[PDB]
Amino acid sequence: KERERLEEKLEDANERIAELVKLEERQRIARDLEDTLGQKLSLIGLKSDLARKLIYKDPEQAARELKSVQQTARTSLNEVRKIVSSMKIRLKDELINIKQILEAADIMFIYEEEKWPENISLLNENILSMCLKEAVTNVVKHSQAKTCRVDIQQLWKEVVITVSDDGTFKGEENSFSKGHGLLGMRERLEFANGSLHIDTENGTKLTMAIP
């Protein structure tokens, strides 16, 4: 009846982790909104007040300011749908989308369909997807690969997706773009007590694990 106390303190902690990362989500999200979006909207107000001043005397230019308000409302709307999506992907869907990305990059898509996992949640599933997006985006974008092999495997407690490629690695200890592509991926695996692994030994072999 002491080891069970150990379980009450440790559980307190395994709930705490959950809340203080849901907060990662929160703050980062209000950051995007606040910044990108709100700045766009301020811009819209100012350019439309300006065009409103121009109407009578410089109309040719009021219409230009207004072409600009038009486009900033556009871009703001795209930013919104971008968020929304960063909140709404499908696994078997990402498979098709990257299938197209590489097919298009003139890269060979080796996928040997296996056992589609059962022990996976949908926060987990969506994270997995994302890491798919950035791993393939990075392969296409950099590797120099001519082949990419994607293994989705139910394995034990967790799904594992390895994304391998033959190309050469362009990465130096800076490359790890502080809070960007691969760092986003890997911190994002570390939080859900999964993990990201990379073996540059033979081209570049990526590896994602998630309960």
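Each residue number is its position in the shown sequence, starting from 1.
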Q) How many residues sit between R81 and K82 in the deposited sequence but have no coordinates: none, 1 to 3, 4 to 9, or 10 or more? A) none
**Q.** Entry-level comparison of average CA B-factors, 95 to 103 and 70 to 78, reporting the higher stretch
**A.** 95 to 103
Q.
Regarding 56 to 64 and 139 to 147, which shows the higher C-alpha temperature factor on average in the entry?
A. 139 to 147
Q) If you compare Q27, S175, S164, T36, which has the highest Cα B-factor in the entry? A) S175
Q: Give the position of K9 by CA B-factor within its chain, expressed as the lowest, middle or highest third.
A: middle
**Q.** Modelled-residue ranking by C-alpha temperature factor, third containing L183
**A.** middle
(Q) Splitting the chain's C-alpha B-factors into thirds, which one does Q153 fall into? (A) middle
Q | Record-listed C-alpha B factor of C131: chain third | A | middle
Q. If you rank every modelled residue in this chain by C-alpha B factor, which third holds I198: lowest, middle or highest?
A. middle
